[PDB]
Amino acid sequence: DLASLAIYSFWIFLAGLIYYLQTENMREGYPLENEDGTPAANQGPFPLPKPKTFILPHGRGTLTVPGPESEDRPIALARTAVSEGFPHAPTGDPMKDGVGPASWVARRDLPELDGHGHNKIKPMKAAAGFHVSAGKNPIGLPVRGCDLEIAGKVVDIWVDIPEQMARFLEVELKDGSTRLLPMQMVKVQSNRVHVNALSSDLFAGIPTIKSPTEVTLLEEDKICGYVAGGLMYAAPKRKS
């Protein structure tokens, strides 16, 4: 009867939908490959989808996926076993080399632009009308690492203009230079800013940006990656 007809129709439909949905999520990272970088044997039952091209605004060009997947960067790791499936120990400073939790992706070395073609992010001292409207103002507060020592002090807040959101804390270290810390990675307390991930002696190790008024997608990734990996790697200092 109709009911029984409709119910089966639906299962066929749902199948096509799970097919479509799966092949759509294969536009990146695929085709799988061995630990050595060569294409793996079995690629699963799903076939890469036909490629699609995005038209990045502001004349930034285009993007086609799926497309040639490259890491466009060196990886300081070495196998730890003869068989597949084991960890790949770092061959240097995981933090410096940027591997594991300290990993970063080689993204465009330009900044994100708002719907107007302007740098989506700016240091607040260059943003008009922008001011800390609520909460404690970190500017001026000193910054502490996970070893209870002071790394430097906040000198300004880098904000997102279109979404009016704090994103980074430009910190001034002992030698006069600055570093950006992810807003999502620090505890702004009453009389300081606490950084749990890294430990004093590592704040200098954080990557630095070229221009002092804009961060690029790439530099954001190295700054963010570097601090996150400080969660695992820095530990041999994070007493507290």
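Numbers follow the displayed sequence, beginning with 1. In this text, the rigid core denotes the largest set of C-alpha atoms whose superposition between the two forms falls within 1.5 Å.
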RMS over structures and residues, CA atoms, rigid core fit in 9 other deposited structures of this protein: 32-40 vs 46-54, larger is 32-40
When the other structures are laid on this one by the rigid core, do the CA atoms of 67-75 or of 103-111 sit farther away in 9 other deposited structures of this protein? 67-75
Comparing 24-32 with 206-214, the one whose average Cα B-factor in the PDB entry is higher: 206-214
219-227 versus 5-13 - greater average Cα B-factor per the deposited record: 5-13
Of the choices 102, 166, 126, 146, which one's C-alpha carries the largest B-factor in the record? 146
Lowest, middle or highest third of the chain for the C-alpha temperature factor of residue 96? middle
Third of chain Cα B-factors occupied by residue 159: lowest
Report the third (lowest, middle or highest) to which the CA temperature factor of residue 131 belongs, ranking only the modelled residues of the same chain. middle
Give the position of residue 199 by CA B-factor within its chain, expressed as the lowest, middle or highest third. middle
Just say lowest, middle or highest third for the CA B-factor of residue 77 relative to the other modelled residues in its chain. middle
